[PDB]
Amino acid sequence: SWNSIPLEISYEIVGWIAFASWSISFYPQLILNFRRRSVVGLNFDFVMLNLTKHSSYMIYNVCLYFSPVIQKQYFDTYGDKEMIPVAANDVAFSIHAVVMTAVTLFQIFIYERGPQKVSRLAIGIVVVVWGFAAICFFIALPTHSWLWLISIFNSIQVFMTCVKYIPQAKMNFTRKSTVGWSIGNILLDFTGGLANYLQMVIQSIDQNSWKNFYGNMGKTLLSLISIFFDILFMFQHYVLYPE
């Protein structure tokens, strides 16, 4: 399906460059909890909501990349001459992010030292999300509409990216300051967002089609919600609340 070798290699390069930028951020907090043997400063509510965001994106990537049954439903849907919009680096990212989120969740349990349980309202959201996904599973099952089910997981991942960014931007607006700002972590999130979009743009200009942006709408919105909020964070840090 890849027509151009330079475009394919630049797609593969931009792919692992997006993977590295978003996967390396998981380590500084992981190591900090380890050195301390405590999770006092951690928002437990956010770690449980990011597990749902990561596992839903992981469901979609692992299934579309490895299942030929689901892939055939993608061609039946977006077109026979369509390239699958899941990359090796997207699969690697989703699995690595699920592993790292499970490790920090394990650190919260074994290291404890976090009386601030936080756990409430956000627990109801996990119940509502996984409940709505369970109903969706039983709807999809008789017809084996695994592409529609995988597609719900990718849409709930989108909602969950908003859940990552919106409370932290809202906090900065009420607070009238950017507390916890790090030009480095924002630039790593930014690179991963631009590179995840440049990957789709390369797949789209290699083939003469934009259907990959519609097939993997969840990855398209994952990059655009990251880029929008990084511009907004940089905007409220330098021109709004600087000092």
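Residue indices: 1-based, along the sequence shown.
> Which has the higher mean CA temperature factor in the PDB entry, 163-171 or 118-126?
The stretch with the larger mean CA B-factor is 118-126.
> Divide the modelled residues of the chain into thirds by Cα B-factor and specify which third, lowest, middle or highest, holds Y27.
CA B-factor rank for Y27: highest third.
> Place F19 in the lowest, middle or highest third of its chain's C-alpha B-factors, as listed in the PDB entry.
Tercile = middle for this residue's CA B-factor.
> Based on the entry's values, in what third of the chain does the Cα temperature factor of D76 lie: lowest, middle or highest?
For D76, the deposited C-alpha B-factor lands in the lowest third.
> How does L232 rank on Cα B-factor within its chain, lowest, middle or highest third?
For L232, the deposited C-alpha B-factor lands in the middle third.
> Pull the Cα B-factor of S145 out of the PDB entry and bin it into the chain's lowest, middle or highest third.
Answer is highest: the recorded C-alpha B-factor places it there.
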